[PDB]
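Heads up, the chain shows up twice below as structure tokens, two forms, tagged structure 1 and structure 2.
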Structure 1
């Protein structure tokens, strides 16, 4: 008996009317004295309904261009469904009913069946568009991933960016393609049996192109701040509905299978029903199988068990893994020792910090909560993602950091892709891509100069505002065809096939997973009614024979996959083997 707060009749923005009658325009403003809509260059005064709600119906159809006029000031629509001329321009009226979907036989994907592949549309292909990305779907299907995780698509200012400066949350970023190009990408993924997830940013708006305060300052609060401006006030129902209505658009109207909520610790809300719970209620009301994931660092199971989200991006595994391979200790890496015994513990517990003191300077507190309630799929693990590559001064990938060998990189892949936790790969990871993933942006004027200055001061560091920084992050597909890139790719294909086919690796219960170590050798054991598997990873500098690893059980005898393709059960430095 939860009832959605959304009715298409009363939807804010521009919505096509039935019977070819045109478009209904609606907005909420708490402060404007005169309110008009300017459509195809002609102004029309809107009707005041009370509660700051204004409405007008006109016989203009999909394709019409408009903005609102508040006290005589032309102002973009925050509810724009498309912004062909960017975030300071006129919106286009969009009709979600026109696209010819062919994915009636697709029914979503369960979290336990996800292997995520994180795509940044602008760099994933030379063209940097949805249409070019769609052409790589057969490659991704054959690779063996099952869910694409797309970085944010809400329109932001400039001609490239990661997506976290999105300002018009309902408008797909025009350089990537039109709305129908996005729909075509999702339809094609579904036809190949791939899920598609979207990164959405409900903790802040980007610095340029967010006109919500022009309509009502009370969308935001001065009680707390974001990176870019005033905090999003989830005590204000119109602010709540701005993001729940957005989540429903992406899932229902663009057929996304799930959302990854960026930076959930910073969605501050003291309401009786937290906004994260209401988001889950609103998306479930759609009557589908859509998922919600939280990017959350607090090691807080309540995100799943109270807010009814599906899982959590949990970085302790990533960090413990990177420290193991590099020894680095700057910033949050100081929270981890790394090593076989440390990795065995972190995996055992799902995350490391369950309430113990986090001693990282500038951040000291008792971090986290007991992970007992969470099951393996609820933890999303990775060894690379946009942040853990791009937030490094030179944006280098794990195999490109000093002191990491390709053998260690390949071992890490075997550990990630045989665990029952839900794994994510970053684009190009699978072939040990040669290109970095650097932070890039393209803001105008003083804001752009400020970004360049901020990056220099924070940490030669590539200028985020330079075209070269964007181009240097483009994937080079041809390189995957040769050398160590091809060798790494063969291993990723083999691991993803094993994950799919092996009846014991199908395990998704932490009850069936144990871990331990002997010196620098990590072991991870799965036992179910289908049999036993053990992953052994030699994190030492020497060679270790499997026969000589001290284990509290009898090691399985059959060699299922060796990361360097060896015939015998021996582990060179950094190498791993799966036995059964």
Structure 2
């Protein structure tokens, strides 16, 4: 009985009309006294309908260029579907019905079948475009990942950026390609049987290019704010519909298979029906198999059980793993001991913090909720992602941090990719890429000059930010140094690491016991610095043993509360015998 709040007839922005009649322009403004649309340079007064809604139909088609004129001030359309000259320019009218899709028989992907691969379009290839990314899809299919996780595409200011400064949520960022280039990427992924997910940012707008307040200040509220901008007022239905209409566009019009909702703790809403619940209703109304995930640090099961999201990016696993390997304790890493026993516990519980005191300085509070309701696929785990690389002072990858060996890096991959939780990999992780992933931006004027100090303040708990070698986010070189080097994977230890990732992803796909997706069938423990993870189903038994010590441990001498299986299925260093050098792992069955 849920009825969508969206009807193409009343869609805000510029929408092509049936029968070649042109385009319908609509906006909401609470404050303007004169309202016009300027199309291809010509101004036309719009009709007032009441409730601050204005409309006009004109015989212009796709490709027409426009903005709105509010009390004589030319103002970009917040509902723009494309901004070819950037966030301060004219929008282009887009028709979503002309692209020739070939994915009519694609039926999406289930979360339990997802192995995510996080892509930043600008750095993923030299060209930094959708078209170039599409040419790497056969490589990703063969690698064995099943869903691409694309970092945000909403238009932001400047010529490069991560995406979290997006300001025009409906307009794919022009430097990456035109709307049809994005559609071609998704179509190509679906032809290869790969899902495609999009990172969307519904907790804040970026600091340049957000003109919503020019139309109605009440899109926003001073009731609360995030670390990155003013509060989006989800008590205002037009604000709710801004993001639910956006979600529906990506899924329906661009054929994405799911969305990853950035920083859901800062989507503050005290409405009877929470905006997250309504987002789920609105995307489900499309009548497909589209998924919603939350990036949420609160360890709150209700995101799944009440808001009806499909899963949660949960960092406790990542953090416990990193601290295990480095011993680092700055910032949020002070929340974790690390080690085999600690990792066994965090896996057993899904997340570590279920209501106990988080004792980190300046942050002391009771964190989290019981994880019991959540099943394995509801937890998205990783050992690398954009934040856990890029928010480090020098943007170094896990194998690049002091004290981490490539053997430890390879062992960590085996843990991640054999667990029944839903894994994510960051681009280049699979070949132990040599390049960092640094924070880069390209803002104009004083805003641009402020980025570096904003970073140092936001991450001031990390002493490396007060050093002298922090890469300037605004420098071209910082962007270029984050580009993947595709050549390097063909040789040496990059190739060795890649072979292991291929072998792990094959086993995950093929092994009848690792097909398990039930926490009931998963147990963990430790003996000294050796972690064990056991899966038992009707199909048999598997055990992963990871030696997190700096000595050698024979599997036969690991004390276990069950009889260890005898058959060696995969060793991370390709050894014949059941013995674990420092940092090494083995899967037995």
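Rigid core here is just the name for the largest C-alpha set that superposes within 1.5 Å across the two forms. Positions refer to the first chain, counted from 1.
Superposing the two forms on their core leaves just one of 101, 332, 96, 228 with a Cα displacement of at least 2 Å between structure 1 and structure 2, namely 228. After superposing the rigid core, the Cα of residue 452 is displaced by 2 Å or more between structure 1 and structure 2. Overlaying the rigid core between structure 1 and structure 2 leaves the Cα of residue 41 displaced by 0.2 angstrom.
Core superposition gives residue 362 a CA displacement of 1.1 Å between structure 1 and structure 2.
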